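*Asks:* Model the following, please.
(10 chains)
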Amino acid sequence: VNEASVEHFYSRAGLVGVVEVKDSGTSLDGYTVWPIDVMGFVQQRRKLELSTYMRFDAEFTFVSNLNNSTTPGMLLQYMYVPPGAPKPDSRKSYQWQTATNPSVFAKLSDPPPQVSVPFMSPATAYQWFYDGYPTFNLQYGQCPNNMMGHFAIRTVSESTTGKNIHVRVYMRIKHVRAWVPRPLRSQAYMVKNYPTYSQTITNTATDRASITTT
Amino acid sequence: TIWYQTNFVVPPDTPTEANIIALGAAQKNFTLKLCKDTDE
Amino acid sequence: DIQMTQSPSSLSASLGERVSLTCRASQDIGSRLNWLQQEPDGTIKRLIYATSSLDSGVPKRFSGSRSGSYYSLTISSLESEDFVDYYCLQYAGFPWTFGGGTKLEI
Amino acid sequence: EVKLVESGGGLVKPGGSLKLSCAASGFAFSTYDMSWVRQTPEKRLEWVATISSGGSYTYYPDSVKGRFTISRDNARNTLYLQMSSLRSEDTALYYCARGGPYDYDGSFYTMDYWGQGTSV
Amino acid sequence: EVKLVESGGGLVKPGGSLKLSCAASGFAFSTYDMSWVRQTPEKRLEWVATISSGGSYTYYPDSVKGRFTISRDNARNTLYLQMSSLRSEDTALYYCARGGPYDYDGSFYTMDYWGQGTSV
Amino acid sequence: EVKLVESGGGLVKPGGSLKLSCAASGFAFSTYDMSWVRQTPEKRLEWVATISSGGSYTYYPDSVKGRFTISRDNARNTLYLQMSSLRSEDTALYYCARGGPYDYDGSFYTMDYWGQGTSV
Amino acid sequence: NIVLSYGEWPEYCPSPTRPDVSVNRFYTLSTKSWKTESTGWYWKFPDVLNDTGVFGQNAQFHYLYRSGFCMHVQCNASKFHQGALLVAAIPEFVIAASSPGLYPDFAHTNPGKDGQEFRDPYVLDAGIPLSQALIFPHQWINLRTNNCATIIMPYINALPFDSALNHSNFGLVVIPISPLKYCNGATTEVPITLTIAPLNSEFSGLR
Amino acid sequence: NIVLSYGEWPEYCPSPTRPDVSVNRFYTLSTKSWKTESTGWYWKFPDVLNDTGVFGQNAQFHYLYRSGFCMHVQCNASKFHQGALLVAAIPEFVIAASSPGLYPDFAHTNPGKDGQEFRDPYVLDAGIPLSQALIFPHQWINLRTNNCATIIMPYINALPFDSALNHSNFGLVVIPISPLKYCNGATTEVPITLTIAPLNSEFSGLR
Amino acid sequence: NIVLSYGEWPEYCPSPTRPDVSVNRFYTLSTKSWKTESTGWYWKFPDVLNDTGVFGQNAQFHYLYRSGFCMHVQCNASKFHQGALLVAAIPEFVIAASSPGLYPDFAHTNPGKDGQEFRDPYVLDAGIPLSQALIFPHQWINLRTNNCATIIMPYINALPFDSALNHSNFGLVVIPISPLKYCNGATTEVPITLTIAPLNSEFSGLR
Amino acid sequence: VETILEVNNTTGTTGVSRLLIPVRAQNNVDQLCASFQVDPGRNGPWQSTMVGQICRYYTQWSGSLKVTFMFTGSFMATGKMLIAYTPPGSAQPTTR
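*Replies:* Numbers count the residues shown, from 1 in each chain, chains lettered A, B, ... in the order given. Have a look at this structure:
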C-alpha cells in the first residue's frame, strides 16, 4: 500500500530518448529535433499500455555532454516547439527566434536544465489505444491528440564546431491519473505505433513436462 | 410472420420436429355493426 | 519434426518374457506420446495415451512409462496375440511424425 | 463404437485425381477432429493431412502442401481427401482416424480409433 | 437390439485349451449377467457355465467344475470361456446368452437373447 | 441412420400369396408411418400400399384395393405386405420407405429414407 | 446479475437530440452458430448499429454522438450440452494484424452487425493475452449453470461527444474457453443471440 | 388450475336420496394408451358410471337423477415425450353418423366406461369443427409444461331431474392436437388416466 | 434429515485428553465403486480410523477412548441411474463365519479403512436377517429422490471408557437392496463416498 | 374466447394437421416459418375462429385482436423464435 499506487508506479524519471547533435565529419548539422515520444522504449511502453486514458504533466531534464564525457563551456539552446508550431530546419533558421517557442539557454558545464511541460492535449487525457480512424490502413489507431511537441537542440554557433553533443532526455511523470486498466502486453512489439504481433505465438506461461509435475 | 431467430437445438434422444399452435381472439374493444346473413 | 524413433527394429522373446520397447525423442515433446498396435493385416489399435494411461479396453499386461527422452513401452509377461508390429506416435511436434517398428518374434 | 471405414481407392496413372471416403458412424461426427494417415509399402506410417472439427481449418504437412485437398461432409457423415496429381512414390494404405491439433479439448483421442485402410 | 455373436471355435486334439468369444453390443454389457450353454450333437442343450454381472462370481456345474474357466472383459465387450483339457464327449455348439443367478433384479432375462453358436 | 431392408421376394405362380418383410432399425419404428412402393420393369415407381403409425389405418390404391394386405409387427420391428393372388403384370421391385397420410405431424418424411428393393 | 461496468449507469450529459424508446428498443441481431471448432466473435460498440433501423439514421445523419449500451447474450442450449463462454466488453478494443500485412483490413476493424471471427483468440487479436481479459467487465456463460449474460456499459471516452462512424468506443467479445461438446444425436450448433439497447443516447450536428 | 365450468359449483337443488362419500369417491377408470396414430376418445357423462360400483346401483335402480362431476385427466409421460391434448367437456354432445348409415349405432352414442375412439376428430364427430371446441370448458395438456387437467362440471339440463340411463348430459372429449413423438428407446404408449367423482348427487323414484 | 441414533447426541462424560477440531475434522475415505454385482460393505466404528491421521495417533498411543461419530454417505449418481441402498449403523456388529472354518478371519472382523464386501448380505454376515436390519438406526439412499445419508451415532457401550484397538463398538453397513441399473452409455460404476467426523472424543492412559 | 386458427391451411394438408405450424430442426436461421394475415372475416386461417365466423354474420367491425402461440415440443428442446407484426401500410418483410 502507498507503494503500489498508480502515482508511484510511474515515478522515478527515466531516459526517454538519446538524441545527438551531430556537428562533425559528414553530418555538419549543428542542430537536432527530437519529437517528444513517451513510448520510445519497450519497458516504458508496456507500463504505459496498462491503462487506456492517462493524464499527466512531465518534467524534462537534459543530461548533455561530449562524446568523451567532458563538459566544456559550449552554449546550448533547448527550444520547445509546441504541438502545432513549425519546426526548425537548419542551424541558421528563423524558427530559432520565434518568441512563442520557449527556449532554455544553458551551457554544457552547468547543472542539467530541467523544465516542466504541462498537460498538452486537446482531449481530457492521453489515449494510448484509439480504436477508430482519424480525419473523418496506414491510419487505423493513430490518435493525433497525443502529440506533446518537439525539443529542438542546437549549439549556439556561427560555423561548424566539430564536436558531437549527446543528449539524454529524462522525463518524469507527475500528477498521473489512469483510467480503464488493460491486460499487460504478452506478445512482442513488432513495430512502433501499432499493436502488430508475429505469427509464431509465444505462450504466456512457461511449458513444463507434465501437468502433474512441480 | 414467425421467423427462425436461432436454430432448434436438442439433446440426444429427442425428437427434432415440433409444432406451434396459434389461438386467435378479440380484445375487450371489439365491436360489430349491421348484422347480415352469411355465405356459409 | 521431432522424429521420435524406436530403437529395436525387430525383437524376439518368450511367452513369459518381459519385452521393453523404447522410443527416443530428439526435442522436448512432453507427455504427448502414444503407442499404436498394428495387426499383421488389420487396423491399428491404441495402447497408451499421454505415455502413461491405458485405453478403455486394453488388457493389464501392457503399460507405458516415461524416462527423460526415452519414452518406452513394456509388456508384463508377453502373452499370446502379441507378436505384431508396434509404433510410437507423438503429437507435440506439429508435423506429427512417427517411429519405426517393433515386430516381435518368438 | 467408433466405427470408421475407408473406401474408394485403387490404381491410377501418375498425375490426376482420386478421392477417398472415410464414412464413419457410431459416434458424434460433428465434434471430433479427424485426420488422414498413410501407411507406405515400407510399413512406415506418415501423416498425410488433417481437418478441424467443423471443416474450416487444415494443416497440410510438407508431403502435399498444395496438392492434397481434404474436406468434411459432416452431414452425410463422410470424410474426403483429394489426391490431385499424386506423385510416383505415393502409393500407401491411406488410413483415416481421429485426432487433431484443433478442438481445444483434444490431445486425448489422438488417433484413438482407426479405420481399415484402402490401397492405391 | 441384443446382438451377441460367438466365434473362436474349431477342431482340437483331446487335451489342451481352446477359448471362445461372445463379443456382444447393442445393449449394456456391464449390468447383465451372461452365461454359456452347450448344444451337444444329440440336440440336447446343457448348461456349461455362467458369470456374474461384473465378473466376480461364477457357478460351475458338474460338467466341468474345475476345467472350464469363464471370464468377462467388460471393457472390450467380450465374453471368455476356457476349454482346458476338454473331454472326448465334449463337442457341441457352445451358445452364449444372457441370464444369471446373480444380479438380484434377474429372473426376467433368463436366456432372453442368444448368440449364433460356434462348433468345435 | 434410418436403415430399412426389404427381403422375402422371388418367383411365384400367378395366383397365390407371397409376403414381404421390411425389417428396419436405427430409428423409432413405432411413430413413423411407413408405406410400400413398387418399381415395375418399366422403371415407373407406383404406389402400392401404406400403413398408419400404429397399424390401424390403411389406404389401398386402385392397384390392389382388396388383394394386398399390409400389416405392421411394430414389436419385432418388421413391415408386412401380402400378395394374395398377384396379377400377371404385377412383377416389380417392391421398395419400402417412410411417409404416410396419417400421423398429423407428417408431410416432412414423405419417403425420406428408402430400403433396397426385392424382386419378384 | 447484470454486470454494471465500472459501477456507472449511462447518464445524460447535463445541460442535442435526445431520442426515446423509439430508438431505445431491443435490437435483436442475427444468431451465430456456436460449434466446437468455433474460436469467437467480436462486435464494435456503435458500428454494430450504424446500419440497423432508426439508430442507423440518427448516427449517419449527424456529427456527434454518445450513448451507453445494454448488451445481452443468450445461448439456447440443451441440458446435455457442455461448454463455457467468456463475454467481455473491451473499451478501446484495438485490433492488430499478424505479420509473418502490417495494418488491419477495414473488414476486421469494423465488421458491421455480423461480427468478425477471431483468428487467434488466445491473444484476443490485440497482442494482450486472453487469460487476463477478465480485468475488463465480463460475465461467464457456463451451460451447466446459466446461459445468459447481461452487461451494462456507460459511455467511456475522453471527449464528451465524438463521431459515430469513425471512432468505435468498445467491442463486445464472446470467446469459448471450454469448447462445446455433445454426444451423437444432438443439435450440432448451439445458437448464440445478442440483444442491444442504447441507453441515454444523444446526438448533435444534424446532416 | 381447476376449470370451474361456467363459474358454477354443482349444488343441491333446494328443498330425494342424497348419497355421501360412499358414492362420492374417486372412480379411477382403465387407462388408455396414447399413441401417435391416436385420434381421440370421448366418454358420456353419466353413462360412464352406470355400471361401475355403487353409482351403478343408484342410477339403474331409480327414476330421476342429477349430479355434477369432477373429471380429472392425467398423462404419465416422460420428459423426452412431446405432444398436446385438448380436454373439453361438451354439454349435450350429440354424435352424428357419416353417410357416403344415417343414425349412430348405440355403441357409439353410449360407449360405456371405455370411451369410443373418434373416427373424424377434426369435426368432433358432430359436424361442428374441432378448431372452435375451445368455446366449451376445456384445459390443455401440454407435456412440456404439465400433464394434468381437472374440470369441475355442474348439472346442465333443462329439467331439474332427468333419467340417468337414457339422457347423457355431456361428454368428456380428449383429442391430441399435436401428435405424440419420441426417439427410439422410449415408452411407445403414453398412458392416460381418468378419475371421476360425482359431486352433490341426488336420486328419486326408487325401483 | 440427519438420523440422530436413539435420540442422543454424543456428549462429554462429566467431570482426560479432549481433542478439538484438529481431530474433529472431516476424514474423507476412499470411494467405492457401486456396481450391479455389488453385495455391500461394512466399516467398523473406530477401526476405520486407527491408521488415518491424528486420530490414528490418539488411538494407538493411548489406553482408553470414547467418541461418537458423524458417518455421512453420498453417492454421485446420475439421473438415468436407478437403485437403492440401506445405510445402517449396527451397534456391536459381530461377524460370523460360515461352516460347510469356525471363526472369522482377522481381515473380516477389522477390515481397516477399506471395508469388507459382504459374502452373504441377505443374512448381514451375522446370522440375523437383513429384512429386519431397519430396527437399527438407518437411512435409505434411493437414487430417484436423494443420494445422501447422514447418521449421528453416540457412544454405545457398557463401560464408560474402553480400548480403541480391540473393541470396535459398531459397524456402518451399506447394502444395495435394489441393484443398480442403467442403459448402455453410462458410468458403469456409481461412486460411493463416506465422510467421518469424531464428535466429543476423549482419551486417557497415554503411551 | 380463444380458438384455433388453421394457419397450416394448404393444398393437400388434410385433417387436424391444418391447425399445426411445423417447427423443425434443419430450418436454418433467419428463415421463414409461417405467415398469416390479420383479417378475421376474410377467407384464410381466421376462418376457423369463433371471431372469424361471427364477423361473417356482420358487415363492419373494429377492435384489437390477439394471437396466443403455444409450443408443443419436448421439455428438453430449446431455441428461440422471432414473431413480427406488420401494419397494414407496409408489406410482408423479406428478411429477419
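
*Asks:* can you pull the contacts of the residue minimising distance to the centre of chain C?
*Replies:* The geometric centre of chain C, computed from its C-alpha atoms, lies nearest to residue C:35 (C-alpha atoms, centre = their mean), at 4.1 Å. Counting by C-beta atoms under 8 Å, 6 or more residues apart in numbering or on different chains, residue C:35 makes contact with C:46-48, C:64, C:73, C:86-89. All C-beta spots, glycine's among them, are computed from the backbone N, C-alpha and C.

*Asks:* Try it again at 10 Å.
*Replies:* C:6, C:21, C:23, C:45-49, C:51, C:55, C:58, C:62, C:64, C:71-73, C:86-89, C:99, C:102 (C-beta atoms under 10 Å, 6 or more residues apart in numbering or on different chains).

*Asks:* Tell me how far the residue in chain C that chain B sits nearest to lies from residue C:71.
*Replies:* Proximity to chain B, evaluated over chain C using C-beta to the nearest C-beta, is greatest for residue C:56 at 19.7 Å. Using C-beta to C-beta, to the nearest Å, one gets 21 Å for the distance from residue C:56 to residue C:71.

*Asks:* How about residue A:18?
*Replies:* In this structure, residue A:18 and residue C:71 are 52 Å apart, going by C-beta to C-beta.

*Asks:* Look at these two and report which has more neighbours.
*Replies:* Summary of the neighbour comparison: residue A:18 and residue C:71, criterion other C-beta atoms under 10 Å in any protein chain shown, with residue C:71 having more neighbours (26 against 12).

*Asks:* The helix or strand harbouring that one and chain D in contact?
*Replies:* When elements are defined using DSSP states H and E, residue C:71 is found to belong to strand C:70-74. No. Against chain D, strand C:70-74 shows no contacts by C-beta under 10 Å from any C-beta of the partner chain, the least distance being 14.5 Å.

*Asks:* how distant is the one helix or strand residue G:202 maps to from the center of its chain?
*Replies:* Residue G:202 is located in strand G:199-204, with elements delineated by DSSP H and E. In this view, strand G:199-204 has its centroid 18 Å away from the chain centroid, taken as C-alpha atoms, centre = their mean, to the nearest Å.

*Asks:* Give me the residues contacting that strand.
*Replies:* Outside of strand G:199-204, the residues that reach it under the criterion C-beta under 10 Å, 6+ apart are G:9-13, G:16-20, G:23-24, G:46, G:55, G:58-59, G:61-70, G:152-155, G:160-161, G:164.

*Asks:* buried stuff in stretch A:164-181?
*Replies:* By neighbour count on 16 or more other C-beta atoms under 10 Å in any protein chain shown, the buried set for stretch A:164-181 is A:165, A:167-173, A:176, A:178-180.

*Asks:* Let me know whether stretch C:53-73 sits next to chain G.
*Replies:* No. Contact between stretch C:53-73 and chain G, assessed by C-beta under 10 Å from any C-beta, is absent, since the two come no nearer than 15.4 Å.

*Asks:* just to revisit the earlier point, tell me the strands beside the helix or strand hosting the residue nearest to the centre of chain C, with direction?
*Replies:* Using DSSP H and E, the secondary-structure element containing residue C:35 is strand C:33-38. Sheet pairing for strand C:33-38, assigned by DSSP bridges, gives strand C:44-49 (antiparallel), strand C:85-90 (antiparallel).

*Asks:* list the buried ones in it?
*Replies:* Of the residues in strand C:33-38, those buried by neighbour count under the rule 16+ other C-beta under 10 Å are C:33-38.

*Asks:* what does the lengthiest strand in chain J contact?
*Replies:* Identified as the longest strand of chain J according to DSSP state E is strand J:65-71. Defining contact as C-beta under 10 Å, 6+ apart, one finds that strand J:65-71 is touched by B:2, B:18-27, B:29-30, H:82, H:84, H:140, H:142, H:144-145, H:177-178, J:2, J:4-5, J:7, J:21, J:23, J:36, J:38-40, J:45-46, J:49, J:51, J:77, J:79, J:81, J:83, J:85.

*Asks:* Now look at the helix or strand following that strand and say if it contacts chain H.
*Replies:* Proceeding C-terminally, strand J:65-71 gives way to strand J:78-79 as the next helix or strand, assigned by DSSP H and E. No. Applying C-beta under 10 Å from any C-beta, one finds strand J:78-79 out of contact with chain H, separated by at least 10.9 Å.

*Asks:* What pairs with the next helix or strand after strand J:78-79, parallel or antiparallel?
*Replies:* If you walk from strand J:78-79 toward the C-terminus, the next helix or strand you reach (DSSP H and E) is strand J:82-83. According to DSSP bridges, strand J:82-83 has the following sheet partners: strand B:2-3 (antiparallel).

*Asks:* now stretch B:1-19, how far from the centre of its chain.
*Replies:* 17 Å.

*Asks:* where exactly do the strands run in chain D?
*Replies:* For chain D, strands defined by DSSP E occupy the ranges D:3-4, D:24-25, D:34-39, D:45-50, D:70-72, D:79-81, D:93-98.

*Asks:* Let me fix that, I meant to ask about chain C.
*Replies:* Using DSSP E, the strands of chain C run over C:10-12, C:20-24, C:33-38, C:44-49, C:53-54, C:64-65, C:70-74, C:85-90, C:103-105.

*Asks:* and the first one, does that touch chain D?
*Replies:* No. Taking C-beta under 10 Å from any C-beta as the criterion, strand C:10-12 and chain D are apart, separated by no less than 11.6 Å.

*Asks:* list the contacts for the residue most central in space within chain B?
*Replies:* Centroid-nearest residue in chain B: residue B:22, 2.0 Å away (criterion: C-alpha atoms, centre = their mean). If a contact means C-beta under 10 Å, 6+ apart, then residue B:22 has B:2, J:2, J:4-8, J:19-21, J:34, J:36, J:45, J:49, J:67-70, J:83 as its contacts.

*Asks:* For the residue in chain J that chain I sits nearest to, the count of nearby residues, please.
*Replies:* Closest contact between chain J and chain I, by C-beta to the nearest C-beta, is at residue J:76 (12.1 Å). As a burial measure, residue J:76 scores 20 neighbours (other C-beta under 10 Å).
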